[PDB]
Amino acid sequence: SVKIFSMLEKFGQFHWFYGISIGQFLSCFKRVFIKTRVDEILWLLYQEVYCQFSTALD
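Residues 3625 to 3659, 3669 to 3691 in the entry's author numbering are what the sequence shown lists, from first letter to last.
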């Protein structure tokens, strides 16, 4: 999760529209549970981060 959020901030640094706040990110991580257990949680987190935050990118 820390790696993903650092990546998202680095994306945000290239354009004023791409900034990412911690709030949405943690909400998405909650969405993972709302919708090898640790592996499942990790894979779901990658999937959900991409689904939620790729729509804000070109």
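For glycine and all other residues, C-beta sits at the position ideal for the given N, C-alpha and C.
Under the DSSP assignment, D3691 falls outside any alpha helix (DSSP H); it carries neither an H nor an E label. Scanning its chain for C-beta atoms nearer than 8 Å, with the 5 sequence neighbours on each side dropped, one finds around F3657 the residues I3674, in chain order.
If you compare the alpha carbons of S3687, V3671, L3632 with that of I3646, the shortest gap goes to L3632. Measuring C-alpha to C-alpha distances from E3681 to each of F3653, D3691, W3640, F3638 identifies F3653 as the nearest. Under the DSSP assignment, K3627 falls in the alpha helix (DSSP H) whose first and last residues are 3626-3636.
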